[PDB]
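Novice: One structure follows; several queries about it will come next.
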C-alpha cells in the first residue's frame, strides 16, 4: 500500500562518484543531503558545499559556483576557516550504512556538493543525493 | 528553516544513465520513484523493474534480478502482454520537470531499474532514483 | 552529521569459563 | 495521513542501583555534624554483698565529627522557534535526561568518588575489613585462583550480630560461579534444572554491572586460558542501611538562565546537592584476590 | 555555621545474647 512518494518529497542525484550536478531547490522550502558509500573508505572524506545563482543569460541555467558560508549557532565552538559549510564523512563507515546532513540556512537557488581537496579518490566510492520537502510551487 | 530531512526519506541511486543499482528496501515500508532527464529525448522510453532476494551466500546481498509481475487495479483496460511490470516515459519530457512512479505492491528485498532493450541509447540521458518512507527498525 | 543503520553480522560467540 | 500511537521504545540501560541500600538522609544547609560515640566503657565492677562503696571505671568518647556534601550543575542551550513546532516536547526530555544523568553520576560517585569535590566512595576509602582468596599451586606454580570455598568462607565469616548484610558483585562473577563443576562432572549450585537464573529476590546475590569485574570482561582468568590477576576486586558484603549513608539536600532543579537568553536563543541551568559518607565501616567486609 | 543532623552512629557490638532463651522469672526480696 506504498503511496506514490515520488511526488510528495522527490529526490535527485548530487554526486555520482565522478561529477557534481546543480539540483534546483528554489521551488521547494526544505531539503537535505543523503550520503551513501559504495565501498570501504580509507580516510575521513571532506565535502565542500556550493550554492549558485541564475546566470544572467537565462533565469533557468546554472551560473557560477559560490561557496555557501557556514552559519554557527549557540552551541558552536569549532568554527571552520571563517565559516564555510563543509561536511566530513568520517572513517569506519561501511557500505549499507548511509549518512545524512543539511544546511541550517539556505541561500541561492540550487545546491551542489564537491569533494574537498584530498578526498577525491575516496569520493569516487561514495554517492550523494538530495531529498526535498514542503514544495508548494 | 529546513529540517534535517535526511534522517527521513533517504534516497539512493538506481540508474545513473548507464549503470543500475540494487537498493535495499527492507526496513523501509514505502517507496516511490523519481525520473529526471539530462537532455532532450528522441522517442518514448521504457524501463523494466526487477527485484532481488537474499542470495543464500549472504542474506544482506541481492541475488539475481527477478522480473516484477504487473498487478492491475480495478477498471483497468490493458495488461502488458507478459504481465510483467514496467514503466514508460513519454517523448517530449523536458529536463526541468521530474516524473514520479510507484509499484503498488512490492516483493523482494532489493529493487532495480533496467533499460528495456531497444530503448538503451536514451537511457544515458535518464537518471532514476528512489526514496523510501518508513523505518520500522 | 549523523545517521544510523543495521545489518551487522550476527556472528555469535563462545564464553567458556572452566575451573 | 499516517497514524500516531503513544509508545516509545527505549533501548537505554542505566545500570544496577545501590542508592536504596545505603542509609538515606534528607538534609539542609551544608556542613552537617553528628555523633560518633567511641565505645561504652566498663562502668561498674560488680559487687559483694557487704561493702558500701564501688570502684569507678573508664568512660568513652563521643567524637562530634561532621561532614560536607557536594553539588552538581550543568547548562544547555535551545532555539526559541524550534521549540514551538516539532511536536515532540524536547524540554521535558532534557529534564528527564538531566535527572537521569545526575542519578547515575551520584551512583558512580558513591562508589569511586575519589576525594576532592567527589563523594568519597567506600571503595577508595579502603577501611572495610577485606579478605582475599588463597592462591592454589597447580603443578608447582602457586598461581592466583578463586574456587567456591573462598566465597564459602568469605560470606559465612561475617559476624551475624551486625544483622543481615547485603552482598554485591558483578554478573561476570555470578556467571563464573555458575560455570563451576565438581570432579564428577556435575554443577555446584542450585542444580535448578536449567532453572537457576537470577532470582536474587532478597537474599545474598545482588548484581551491579557498573562495578569492576575480576574477569576482565570475560574469557580472562578462570578461562581455559591465562589465569587471574592478583589483588583484584571481587565483591562486598555490608549492612548498607548502617554501613554507609547517602545524603540529599535539594532535588534536581532547573531554571532559564536569565541573562544570556534572547528572543532567538534560550539558556538554561540545572543543579542539585548531594553527598555521601561511611558509617561504621567495621560493619561490612570486602573480597579480593 | 555548621549544620546539625539527627543521626548517631554506634559502631560498637555487644555480643549475641542468651537472656531471651532462659526461663525469665521476676522476683522480690532475696532468698527465693
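Note: ideal-geometry Cβ built from the backbone for every residue, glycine included; neighbour counts use all protein chains shown. Computed from the coordinates by the stated procedures, all read-outs in this text should not be read as laboratory data.
Novice: State whether one or more residues within the stretch D:2-23 are touching a strand residue (DSSP E or B) at 6+ places or on another chain (Cβ under 7 Å) and within 14 Å of chain E (Cβ to nearest Cβ).
Specialist: Yes, the conditions are met somewhere in the stretch D:2-23.
Novice: To continue, here is another question. Which residues, counting only those in the stretch A:52-84, are within 14 Å of chain B (Cβ to nearest Cβ), outside any strand (DSSP E or B) and over 18 Å from the mean Cα position of the chain (by Cα)?
Specialist: Selection gives A:58, A:59, A:60, A:61, A:73.
Novice: Which pairs turn up if I take residues in the stretch D:176-190 that are within 7 Å of chain C (Cβ to nearest Cβ) and touching a residue at least 12 places away in the same chain (Cβ under 8 Å) and look for partners that are surrounded by 10 or more Cβ atoms within 10 Å (Cβ to Cβ) and part of a helix (DSSP H, G or I) with beta carbon separation below 9 Å, at least 6 apart in sequence or on another chain?
Specialist: Close Cβ pairs (under 9 Å, with a partner that is surrounded by 10 or more Cβ atoms within 10 Å (Cβ to Cβ) and part of a helix (DSSP H, G or I)) amount to D:180/D:148.
Novice: Another question, if that's okay. Scan the stretch A:1-34 for residues that are facing another protein chain (nearest Cβ under 8 Å) and not in a loop (DSSP other than H, G, I, E, B) and jot them down.
Specialist: Within the stretch A:1-34, A:11, A:12, A:13, A:24, A:30, A:31, A:32, A:33, A:34 meet the criteria.
Novice: Continuing with this model, one more query. Given the criterion more than 14 Å from chain E (Cβ to nearest Cβ) and either over 17 Å from the mean Cα position of the chain (by Cα) or touching a residue at least 24 places away in the same chain (Cβ under 8 Å) (or both), identify the matching residue among D:216, D:203.
Specialist: Sole residue among the options that is more than 14 Å from chain E (Cβ to nearest Cβ) and either over 17 Å from the mean Cα position of the chain (by Cα) or touching a residue at least 24 places away in the same chain (Cβ under 8 Å) (or both): D:216.
Novice: Also, I was wondering about something else. Go over the candidates D:228, D:233, D:189, D:270 one by one and state the one that is surrounded by 16 or more Cβ atoms within 10 Å (Cβ to Cβ), more than 20 Å from the chain's Cα centre (by Cα) and in a loop (DSSP other than H, G, I, E, B).
Specialist: D:228
Novice: Among the residues of the stretch A:85-100, which ones are outside any strand (DSSP E or B) and either surrounded by 15 or more Cβ atoms within 10 Å (Cβ to Cβ) or within 14 Å of chain B (Cβ to nearest Cβ) (or both)?
Specialist: A:85, A:93, A:94, A:95, A:96, A:97, A:98 - these are the residues of the stretch A:85-100 that are outside any strand (DSSP E or B) and either surrounded by 15 or more Cβ atoms within 10 Å (Cβ to Cβ) or within 14 Å of chain B (Cβ to nearest Cβ) (or both).
Novice: Here are the criteria: (1) more than 25 Å from residue B:129 (Cβ to Cβ); (2) in a strand (DSSP E or B). Tell me which single one residue A:49 does not satisfy.
Specialist: (1)
Novice: Out of (1) more than 9 Å from every other protein chain (Cβ to nearest Cβ); (2) in contact (Cβ under 8 Å) with a residue 12 or more places away in the chain; (3) in contact with a helix residue (DSSP H, G or I) (Cβ under 9 Å, 6 or more places away or on another chain), the odd one out for residue D:227 is which?
Specialist: Going through (1) more than 9 Å from every other protein chain (Cβ to nearest Cβ); (2) in contact (Cβ under 8 Å) with a residue 12 or more places away in the chain; (3) in contact with a helix residue (DSSP H, G or I) (Cβ under 9 Å, 6 or more places away or on another chain) one by one, residue D:227 breaks only (3).
Novice: Criterion first (closer than 23 Å to residue A:36 by Cα and surrounded by 12 or more Cβ atoms within 10 Å (Cβ to Cβ)) does residue A:63 satisfy it?
Specialist: Answer is no for this residue.
Novice: If you go through the stretch D:141-159 one residue at a time, do you hit one that is buried (at least 16 other Cβ atoms within 10 Å of the Cβ), in a loop (DSSP other than H, G, I, E, B) and within 18 Å of the chain's Cα centre (by Cα)?
Specialist: no
Novice: Shifting gears a bit: Could you count how many residues in the stretch D:160-184 are farther than 24 Å from residue D:283 by Cα and in a loop (DSSP other than H, G, I, E, B)?
Specialist: Qualifying residue count for the region: 5.
Novice: Sticking with this one: Do we have any residue at all in the stretch D:28-41 that's away from chain E (no Cβ under 14 Å) and under 23 Å from the mean Cα position of the chain (by Cα)?
Specialist: Going through the stretch D:28-41, the residues away from chain E (no Cβ under 14 Å) turn out to be none.
No, because not a single residue in the stretch D:28-41 is away from chain E (no Cβ under 14 Å) and under 23 Å from the mean Cα position of the chain (by Cα).
Novice: Could you check residue B:42 against (1) surrounded by fewer than 17 Cβ atoms within 10 Å (Cβ to Cβ); (2) more than 9 Å from every other protein chain (Cβ to nearest Cβ); (3) under 30 Å from residue A:103 (Cα atoms) and say which number it fails?
Specialist: (3)
Novice: If residue A:114 meets every condition in (1) crowded, with 16+ Cβ neighbours inside 10 Å; (2) in a strand (DSSP E or B); (3) within 11 Å of another protein chain (Cβ to nearest Cβ) apart from one, which number is that one?
Specialist: Every listed condition holds for residue A:114 apart from (3).
Novice: Is it the case, given these coordinates, that residue B:14 is out of contact with any helix residue (DSSP H, G or I) (no Cβ under 6 Å at 6 or more places or on another chain), buried (at least 17 other Cβ atoms within 10 Å of the Cβ) and in contact (Cβ under 8 Å) with a residue 60 or more places away in the chain?
Specialist: Yes.
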